[PDB]
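The following block contains the structure, expressed as structure tokens.
Letters A, B, C, D and E name the chains as they come in the text, with residue numbers starting at 1 for each one.
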Amino acid sequence: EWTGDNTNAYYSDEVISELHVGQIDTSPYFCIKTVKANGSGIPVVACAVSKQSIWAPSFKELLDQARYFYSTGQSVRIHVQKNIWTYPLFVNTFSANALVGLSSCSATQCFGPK
Amino acid sequence: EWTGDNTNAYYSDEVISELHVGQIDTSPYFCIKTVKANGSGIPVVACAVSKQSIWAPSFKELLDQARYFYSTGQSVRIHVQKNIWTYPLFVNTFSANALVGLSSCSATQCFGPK
Amino acid sequence: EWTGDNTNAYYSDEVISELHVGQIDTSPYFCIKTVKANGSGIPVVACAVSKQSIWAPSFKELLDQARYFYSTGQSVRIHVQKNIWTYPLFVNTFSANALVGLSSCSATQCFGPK
Amino acid sequence: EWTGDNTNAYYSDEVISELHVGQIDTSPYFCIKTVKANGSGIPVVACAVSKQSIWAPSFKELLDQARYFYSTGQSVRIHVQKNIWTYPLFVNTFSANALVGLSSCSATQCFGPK
Amino acid sequence: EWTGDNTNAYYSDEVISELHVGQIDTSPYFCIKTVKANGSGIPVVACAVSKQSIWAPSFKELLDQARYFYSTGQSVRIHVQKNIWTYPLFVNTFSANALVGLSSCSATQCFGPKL
């Protein structure tokens, strides 16, 4: 598995606009909301859940990095794997996307897989 | 269990105004105090205790997130479970509320369950 | 045991003026110096020793919180247990006080036990 | 082995211009892009993979230090070992350089091996 | 052993002017360069190596603290044990000093062991 696998989805030139932390079924988790920096498009929602999914090893790295990029409001590419979380009420509040990666974006390019 | 369960309570458009750390019965703990950004209402007090209650696994995550929102002073939704802590001098100093989640808010919406 | 036990001492409306990190007998330790915000009185010195005493589990939490309040210079309540540390030159350089809690005091009262 | 070994390469007076975090084969990883502070030359790309290569033990230290130097925009010397990473798609997006060390610089010199 | 043992050395009112992170012989390490705030004397270099020397338990504590003091530029007292590291090339680039403690200073006194 890799953040960059073409079975994962990504969204470029986004800003993390909201951050949430909680717990589900013994797992601390966090979710982020991101919107296009130019103000267009539809928001993206993705979550990371501690000890849950193949992406569990990266939970702390992603939490720390989402925190940083959130605090600067800088433009980023968000990488997700769709249809991972299955609790329907959780999915309805947030989404089923597992967050799998984060890349800074310049005015010209995003530093990550495409 | 989930932050979003309707057996938990929540308060929106609050700011973390005080923060305390300590230890009880060999467990690190922290408490926060939040007030409405607009000055109305009464304060919310909630505590997390590192090896107590079902919310134990997210102690560190909530401590780090509470520090972040405290240092920025931004408006948040605080999620609590009432009537958890039982030590009377502790409850009277702070409250019986366990802290179970923190959601950032924009001017119009809070990014978390409701 | 609890930060708020009446066998412990506390000093309100202080600021953290100095911070030291070191090691003794294979244990990381830190100490802080605090003074009344208003200049009155004498300083308080207290240390946490990572591997020693019932307060050991709270070492990291206390160090992280000591660092943050040190960096802001905001008013705090410092909570200590007196006469616990024993190495004579250590006590004489610093003190025999264990640091057992830190409360913010940005308001009328400090947010912690008294 | 050592960051300063003959058989590693280094590039001085660089600024960390991009940062990416992800996961590959159960291992969190991060990559950075650096460019010369004075605008000259060609960008350097280097990655660290938490469970892989002889540099694995330093993953957390390098991640934290890369993050700090990124957040400050300050001039650094970057040390890499060439031809480490093998997954072709990964190398194409980023590079095969393993990050093995970061050194801060002043105007004239960098504090690290030469 | 103790940071404050009189067999250790210390340098008061120093500014942490450079910082380096790397790896050696399986261990993450970091080194710092300090200079007297008043401009006098010679720079001090000291290093901490994860899981090496008696001071290994304090590696993360000292790294975090060295980062903080490095980022502020404030005046500090640096405590070292001399002649600890033996890698020849490593010592040539940096020094043999193990970092064993850091103390903040006011303009008139450092909050740490002396003598």
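Keep this in mind: contacts are C-beta pairs under 8 Å (C-beta built on N, C-alpha and C of every residue); 3 or more make two chains touch, one makes a residue touch a chain.
Heads up on the chains, UniProt names are A, B, C, D, E = Pertussis-like toxin subunit.
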- prompt: Just how far, in Å, is the C-alpha centre of chain C (Pertussis-like toxin subunit) from the one of chain A (Pertussis-like toxin subunit)?
  reply: 39
- prompt: What whole-number Å value describes the gap between the mean CA coordinates of chain A (Pertussis-like toxin subunit) and chain B (Pertussis-like toxin subunit)?
  reply: 24
Query: Chain contact graph: line, ring, star, complete or other?
result: ring
Field: Round-the-ring chain order [start: chain C (Pertussis-like toxin subunit); next: chain E (Pertussis-like toxin subunit)]
entry: C, E, D, A, B
Sites on chain E (Pertussis-like toxin subunit) touched by chain D (Pertussis-like toxin subunit) in the complex: 17-28, 30-31, 33, 50, 63, 67, 71, 87, 89-90, 93
Field: Partner chain B (Pertussis-like toxin subunit), residues of chain C (Pertussis-like toxin subunit) touching it in the complex
entry: 1-4, 54-55, 57-58, 61-62, 65, 68, 79, 100-104, 106-107, 111-113
